[PDB]
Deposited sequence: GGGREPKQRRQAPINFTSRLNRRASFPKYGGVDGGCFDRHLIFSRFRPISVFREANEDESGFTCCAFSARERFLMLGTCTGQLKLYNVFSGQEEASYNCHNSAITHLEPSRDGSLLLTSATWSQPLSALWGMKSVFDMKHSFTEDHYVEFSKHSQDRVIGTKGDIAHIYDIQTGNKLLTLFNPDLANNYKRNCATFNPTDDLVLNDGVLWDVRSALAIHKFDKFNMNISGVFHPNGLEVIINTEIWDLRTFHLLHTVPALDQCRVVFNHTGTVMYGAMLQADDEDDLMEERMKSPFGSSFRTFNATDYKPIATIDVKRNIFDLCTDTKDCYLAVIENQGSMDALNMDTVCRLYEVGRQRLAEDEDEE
């Protein structure tokens, strides 16, 4: 991890970057701010190329569509809490997800959005903005405090609050038992396994395949080739994470590295070719009126 770029929010003495993702245009990073703006930076020169007022509160999350035409954003306490934005020609809101704190695109075909409202998953059509499904069963709920509903790689299944749902039938096919208070889980990009906090579960037998105590309270992200898994631990303008992330082999879940950048992390992502890792790193203290974040790009 060799840092090869670094920059802060132009003209802000308290740099307010909160989240980042690469755009479909390689040299250009998308970042959210603690005041609700979407910025586009040149990830090498640190030049601010563009700025949009998307929300009334800090952006917590953004996901561009692979084709470059759409962007999801989520916010902290503003209404709508999440939104879908067209980026062809003019930047503009297509749909708003009024009380979803988190949103994700479907994976195989990006024709759908899945949103989380506490313990409830909402699935929407991109083209209409209509809610196609509500996935919630109060008897099966685990009430995970950081629940983030997600689709599997083939879009036929949803993981919501540690419950596995068949999308076509809107049936709960399995509830994974609750073994932590916070982390709800992700699908492995291989589609054979789900990672719920420290437990790796088989998707056919629901067998426990690995116990990985190092993953406790970690938000997990794969690289685009699905060979490396990045974990950043939640800590118990307050960052969601601490000052370190860990990498694992996505195949056997062996630890590769533990990097302490010694600055609280707000977010991290990779380019689609997995050459770089962008990290939003806070300068100065937990106990500060504000944050002062920078974006650092590391060559992997």
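**Q** In sequence order, which deposited residues have no C-alpha?
**A** Model skips 1-45, 282-291, 356-367 of the deposited chain.
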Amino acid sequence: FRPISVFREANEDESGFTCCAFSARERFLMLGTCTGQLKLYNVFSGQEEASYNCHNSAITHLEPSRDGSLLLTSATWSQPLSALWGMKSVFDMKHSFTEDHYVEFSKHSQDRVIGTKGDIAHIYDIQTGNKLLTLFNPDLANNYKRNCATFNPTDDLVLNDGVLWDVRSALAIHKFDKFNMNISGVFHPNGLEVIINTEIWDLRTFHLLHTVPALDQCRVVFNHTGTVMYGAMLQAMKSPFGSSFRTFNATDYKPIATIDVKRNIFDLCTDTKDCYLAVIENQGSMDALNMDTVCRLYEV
From here on, numbers count along this sequence of modelled residues.
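Throughout, rigid core stands for the largest set of C-alpha atoms superposing within 1.5 Å between the two forms.
**Q** Please work out whether 227-235 or 266-274 has the higher root mean square C-alpha deviation in 4 other deposited structures of this protein relative to the shown form, with the rigid core as fitting region?
**A** Once the core is superposed, the stretch further away in 4 other deposited structures of this protein is 227-235.
**Q** Which has higher Cα B-factors on average according to the PDB entry: 106-114 or 81-89?
**A** On average, C-alpha B-factors are higher across 81-89.
**Q** Given the B-factors recorded for C-alpha atoms, which segment has the greater mean, 245-253 or 22-30?
**A** It is 22-30.
**Q** Tell me, please, which of 96, 184, 198, 152 has the highest C-alpha B factor according to the deposited entry?
**A** Spelled out: the listed residue with the top C-alpha B-factor is 96.
**Q** Considering every modelled residue of the chain and its Cα B-factor in the PDB entry, is residue 283 in the lowest, middle or highest third?
**A** For residue 283, the deposited C-alpha B-factor lands in the middle third.
**Q** Residue 271's Cα B-factor: lowest, middle or highest third of the chain?
**A** As the PDB entry reports it, the C-alpha B-factor of residue 271 lands in the middle third of its chain.
**Q** For residue 294, does the deposited CA B-factor place it in the lowest, middle or highest third of the chain?
**A** Lowest third, going by the recorded CA B-factors of the chain.
**Q** Can you work out whether the C-alpha temperature factor of residue 63 puts it in the lowest, middle or highest third of the chain?
**A** Ranked within chain, residue 63 CA B lands in the lowest tercile.
**Q** In terms of the chain's CA B-factor thirds, is residue 140 lowest, middle or highest?
**A** It falls in the top third of the chain.
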